[PDB]
Amino acid sequence: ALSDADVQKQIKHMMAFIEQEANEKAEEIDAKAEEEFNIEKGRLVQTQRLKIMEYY
Amino acid sequence: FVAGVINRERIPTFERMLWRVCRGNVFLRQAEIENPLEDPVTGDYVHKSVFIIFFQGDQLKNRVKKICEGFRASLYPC
Amino acid sequence: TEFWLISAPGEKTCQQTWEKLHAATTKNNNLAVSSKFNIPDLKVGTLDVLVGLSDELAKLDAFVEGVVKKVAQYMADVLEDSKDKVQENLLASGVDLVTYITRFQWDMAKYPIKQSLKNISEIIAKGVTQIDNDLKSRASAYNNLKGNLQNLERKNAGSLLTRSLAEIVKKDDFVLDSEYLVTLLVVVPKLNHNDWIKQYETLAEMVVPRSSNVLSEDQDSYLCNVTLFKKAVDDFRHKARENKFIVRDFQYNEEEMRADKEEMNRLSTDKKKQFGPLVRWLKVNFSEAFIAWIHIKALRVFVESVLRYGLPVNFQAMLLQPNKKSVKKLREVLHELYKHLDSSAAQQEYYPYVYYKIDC
């Protein structure tokens, strides 16, 4: 609003909201990435194990 | 942030009514036009002094869009 | 139970505490009731989402408010061992409104403390939707009972021209099992008792004078049975109409009389058996809906407090019971305390503090 004090405070608050969401989202993204790492790796590995089983 | 151009007749309430959409949520953009052209709707030349709220969020940007458009304001540029 | 729930900017918890707890600080010069309000710490990932939820919450607020009023009406509606002015409000989880509120806590029973805001709103909404449908079905059962009961009161009510004669006609007086003699029921004003008996004779040929005998009396008329040869009944009733007399077409029916007595007792018994458990079920629905209502208000509190202040989120709030005719002063004090903290530019347009109304 009109007062610089108020608008500056509002900006600090907004940036804080922007940062909090950004921070949470990045951690979320990395966590899911790790989950998928293990899941996908296993999926492909087991697929190959079955293929090798057939060669056997 | 996208500041509009207004006839400045109601920038008092333009700004306050936008504040209250989500108060203090985005920074106020102040823009002014000196020696303007005649307003298209009223054919009247009058300096613009506009306090604008612009939001990143889609729900709130849509909200302020509705609020600022209900008000006699021009939001032409992006 | 009208209380205001107030959100504070919370710059200093010890300071807000002083301004809210201290006798020297209690609102309206320590005459108003001021209790602190707290909720578990919760985070919302996106404020724009919070904004959407804010609108959603207000809608849910209205929904559950409707739901609880409906509930109040259904309890009021049964009137079983109760009246409009007695036990108007029920305890929530066994305590009163102020007690509940002060003891109100976010219930994991309502939502995981790790539950998403969206999901919390969803839990509340699903709950009350469930409550609404329960109310719909039980209220239907209530209205059905009330309707048939009144229908029965009407059956055993009214004048002798239309009232059931189950209590009146005896098997020994009604001419039963006669192939040729049919009994008609006539209602004669007392002042004209003897006249219609004579009139009956003049309604059809082969109508035996003086056979008309009063079985019971009404307030305006006597109800008498008349015996006549079956063939003449058409002439009997027609001429009766000509003499402004109404002849009742009535047959003795033992099975129907018993059937009606059975329905009378059946309906009264079911009424009692239903209201007992009906109201207990309703009482649970009530307690659950109130708890939810406060849950909703608290969420709105979360949303709002975040929206005004963002981070950090220690939230300070007050639950205030205004004193009579001091709400202006209460507001003025809160305005003085927070207005300069809310904004330099300067309710719904602007608000020194966020508050919501409680009225139950």
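Please determine, in degrees from 0 to 90 and to the nearest 10, the orientation of helix A:4-55 with respect to the longest principal axis defined by the Cα atoms of chain A, where the helix direction is its Cα long axis.
Relative to chain A, helix A:4-55 is tipped by roughly 0 degrees.
Quick check on my link table: of A:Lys32/B:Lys66; B:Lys66/C:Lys328; C:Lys244/C:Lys271; B:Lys61/C:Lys118; C:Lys118/C:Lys325; C:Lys114/C:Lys283, which ones sit more than 32 Å apart, alpha carbon to alpha carbon?
From A:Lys32/B:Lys66; B:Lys66/C:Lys328; C:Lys244/C:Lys271; B:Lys61/C:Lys118; C:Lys118/C:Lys325; C:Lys114/C:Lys283, over 32 Å: A:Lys32/B:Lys66; B:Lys66/C:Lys328; C:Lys244/C:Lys271; C:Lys118/C:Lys325.
Need one number: nm distance between label points at C:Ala58 and C:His335, each 7 Å from Cα along Cα→Cβ, rounded to one decimal.
The two pseudo-label positions are separated by 2.2 nm.
Once you average over the residues of B:20-33, how many Cβ atoms of partner chains fall within 10 Å of each Cβ?
Rounded to a whole number, the mean comes out at 5.
Restricting attention to segment C:31-102, which GluC sites (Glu not before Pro) occupy a DSSP loop and are surrounded by at most 15 other Cβ atoms within 10 Å? Don't skip to the end; give the middle numbers.
Numbers: sites: C:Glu56, C:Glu65, C:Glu80, C:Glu88; in loops: C:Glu80, C:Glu88.
Listed in order of number, the matching sites are C:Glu80, C:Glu88.
Expected output is a single nm value to one decimal: the length gained when fully extending between C:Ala72 and C:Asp177, i.e. 0.36 nm times separation in residues minus the C-alpha distance. What is it?
Here the segment from C:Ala72 to C:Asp177 would lengthen by 32.2 nm.
When a/c is below 1.5 the answer is rounded, else prolate if a/b is larger than b/c, else oblate, so apply that to chain A with a ≥ b ≥ c taken from the square roots of the Cα gyration tensor eigenvalues.
It comes out prolate by the Cα gyration axes.
In chain B, which GluC sites (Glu not before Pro) fall in coil by DSSP and have 13 or fewer other Cβ atoms within 10 Å?
Passing both the DSSP loop test and the Cβ count: B:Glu9, B:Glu34.
So, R0 is 30 Å and r is the distance between the beta-carbons of B:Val2 and C:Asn133; what FRET efficiency does that work out to, to 0.05?
Details: r = 47 Å, r/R0 = 1.56.
For B:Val2 and C:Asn133, the calculated efficiency is 0.05.
Could you list the trypsin sites (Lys or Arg not before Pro) in segment C:238-324 that lie in coil according to DSSP, counting only those with at most 13 other Cβ atoms within 10 Å of their Cβ?
Numbers: sites: C:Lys239, C:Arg241, C:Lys244, C:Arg248, C:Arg258, C:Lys261, C:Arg266, C:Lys271, C:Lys272, C:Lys273, C:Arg280, C:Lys283, C:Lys297, C:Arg300, C:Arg308, C:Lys324; in loops: C:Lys244, C:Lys324.
Here the trypsin sites (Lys or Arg not before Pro) that fit, given the DSSP loop and packing criteria, are C:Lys244, C:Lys324.
Output the peptides C:329-341, A:23-35 sorted from most to least packed, where packing is the average of other Cβ atoms within 10 Å over each peptide's residues.
Numbers: C:329-341: 15.8, A:23-35: 10.4.
Ranking, from highest mean packing down: C:329-341, A:23-35.
At 0.36 nm per residue, minus the direct Cα-Cα distance, what do C:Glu167 and C:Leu21 gain on full extension? Give it in nm, one decimal, please.
Net length gain for the segment: 45.4 nm.
Testing the spin-label approximation: label points 7 Å from Cα along Cα→Cβ at A:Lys41 and C:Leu149. State their distance in nm.
7.2
How much FRET efficiency would the formula 1/(1 + (r/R0)^6) give for C:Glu217 and C:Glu255, where r is the Cβ-Cβ distance and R0 is 22 Å, rounded to 0.05?
FRET efficiency, C:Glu217 to C:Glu255: 0.20.
Taking the Cα centroid of segment C:283-297 and of segment C:217-255, what is the distance between the two, rounded to the nearest whole Å?
When both Cα centres are located, 61 Å separates them.
I want to make sure I understand the PRE zone here: with the label point 7 angstrom from the Cα of C:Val327 toward its beta carbon, which residues in segment C:301-315 have backbone N atoms less than 20 Å away?
The answer is C:301, whose backbone nitrogens lie closer than 20 Å to the label point.
Using the alpha-carbon centroid of each, what span in Å lies between segment C:57-112 and segment C:126-173?
Each part's Cα centre sits 30 Å from the other's.
For a Förster distance of 22 Å, can you work out the FRET efficiency between the beta-carbons of C:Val86 and C:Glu2, rounded to the nearest 0.05?
E between C:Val86 and C:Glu2, to the nearest 0.05, is 0.60.
Along the Cα→Cβ direction, 7 angstrom out, place labels at C:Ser268 and C:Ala141. What is the inter-label distance in nm?
Between C:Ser268 and C:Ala141, the label points sit 2.2 nm apart.
Only the coordinates and a few stated rules stand behind these numbers; no lab work does. A quick note on method: Cβ atoms are made from the backbone with ideal geometry, for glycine too, and the neighbour counts reach across all protein chains shown.
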